[PDB]
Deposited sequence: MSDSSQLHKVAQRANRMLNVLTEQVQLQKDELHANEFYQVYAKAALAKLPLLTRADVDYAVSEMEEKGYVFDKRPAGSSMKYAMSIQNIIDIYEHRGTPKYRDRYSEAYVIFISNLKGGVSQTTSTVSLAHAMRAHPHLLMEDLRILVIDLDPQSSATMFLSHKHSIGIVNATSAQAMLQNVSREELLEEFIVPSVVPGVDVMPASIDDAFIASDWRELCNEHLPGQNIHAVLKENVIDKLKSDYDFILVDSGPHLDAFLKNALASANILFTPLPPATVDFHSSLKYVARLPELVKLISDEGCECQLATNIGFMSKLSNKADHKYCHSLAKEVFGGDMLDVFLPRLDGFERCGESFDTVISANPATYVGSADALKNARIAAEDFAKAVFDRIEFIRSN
């Protein structure tokens, strides 16, 4: 009957409602459960396709080739084109696929600076996006995401396949798994891989002696699959030193995600600085494989939409027992210390970063500070 109990019960109801909804909306989902499609006229606005050159062309396939889906609207019949459907029209329309202008598989190594497997989702996310891209469909590309980044709370093995030697067909039937999006395949990793990585030197000599501890990824796994995929995304980081060296040793191009926070950024830079040093050692101990580029990009972690939605639900649950002051991001500016250096200690003349980023933080941290003090007073007194 207490305030803490009441809000706890609303929170419980809130959970139920979310649970029931996902139910009601998912049984018609398992009536297919695989993906999404395009209309008819929709294909018009797509690349090398025009209303007619397809509309009147599909009418030909339909009765001298295969099928397509549909559902009415009264006196109107709508189509549902799959990514395979579309990939086919481009086929019958003669437009060459990415596989046609390039023979082998291009390897992209997306480094993971953060020590969270949370990067496996974004990577596969990247792959699903480069396959379902409205203007990339005409390429019918085979993307394989090799996950070589194990984790914990965040979180058929790539590290396993590496140690053994299953030849092509084996890697294909025993290790690679198909994701929800058809063109993309994953070669997963487990918390166990960390131990393989930890003892990569010993575990090597044994399971595969005479091998270059760094070529293992390339040779024992990539080389055998290069004719079966257009893009092979390798997912790894500097924490698993061995898998990192193997990934470089197997990468054509490499992408480095930059953190949008001063302290994590500094680190990033450190890593961008060490790569040449590593890449060198990798040729000096074995294969002079050319790692040429290092393209960069900035990651994000916001989505105002999500913040707003979440906010709203929070208010529905806590009602009036929810401060209208948010708690700022308080840790990517000045490390914590020896003593304890908050954004509050930070002297804006001593700080070598974004003076505004620091101002804003403190201001909000104070605003939060006072709001806390007050809801306290009001509670202590009354």
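Undergrad: List in ascending order the stretches of the deposited sequence, numbered from 1, that lack C-alpha coordinates.
TA: Unmodelled stretches: 1 to 3, 159 to 171.
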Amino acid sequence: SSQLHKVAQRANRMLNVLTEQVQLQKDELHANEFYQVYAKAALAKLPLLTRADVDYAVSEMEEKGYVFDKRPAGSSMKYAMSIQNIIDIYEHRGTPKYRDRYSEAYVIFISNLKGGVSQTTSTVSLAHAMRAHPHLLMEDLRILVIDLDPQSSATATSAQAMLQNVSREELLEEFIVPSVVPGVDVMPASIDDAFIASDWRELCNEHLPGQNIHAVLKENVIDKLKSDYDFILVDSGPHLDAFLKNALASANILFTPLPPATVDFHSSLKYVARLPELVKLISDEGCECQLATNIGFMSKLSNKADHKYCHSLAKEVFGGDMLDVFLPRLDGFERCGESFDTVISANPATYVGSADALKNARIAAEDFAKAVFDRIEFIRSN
From here on, numbers count along this sequence of modelled residues.
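Undergrad: Going by the average Cα B-factor in the PDB entry, point out whether 38 to 46 or 344 to 352 comes out higher.
TA: Per the PDB entry, the higher value belongs to 38 to 46.
Undergrad: Which of the two stretches, 237 to 245 or 109 to 117, shows the higher mean Cα temperature factor in the record?
TA: The stretch with the larger mean CA B-factor is 109 to 117.
Undergrad: Just to confirm, going by the entry's C-alpha B-factors, which of 321, 316, 63, 324 comes out highest?
TA: Of 321, 316, 63, 324, 63 has the highest C-alpha B-factor.
Undergrad: Per the PDB entry, which option out of 266, 300, 207, 308 has the greatest Cα B factor?
TA: Result of the comparison over 266, 300, 207, 308: 207.
Undergrad: What third of its chain's C-alpha B-factors does residue 200 belong to: lowest, middle or highest?
TA: Middle third of the chain for residue 200's C-alpha B-factor.
Undergrad: Comparing against every modelled residue in the chain, figure out the third that the C-alpha B-factor of residue 25 lands in (lowest, middle or highest).
TA: Highest third.
Undergrad: Rank-wise, by C-alpha B-factor, drop residue 295 into the lowest, middle or highest third of its chain.
TA: It belongs to the lowest third of the chain when residues are ordered by C-alpha B-factor.
Undergrad: With respect to C-alpha B-factor, does residue 95 fall in the lowest, middle or highest third of the chain as deposited?
TA: Residue 95: CA B-factor falls in the highest third of its chain.
Undergrad: Please place residue 288 in the lowest, middle or highest third of its chain according to the CA B-factor in the PDB entry.
TA: Top third by C-alpha B-factor.
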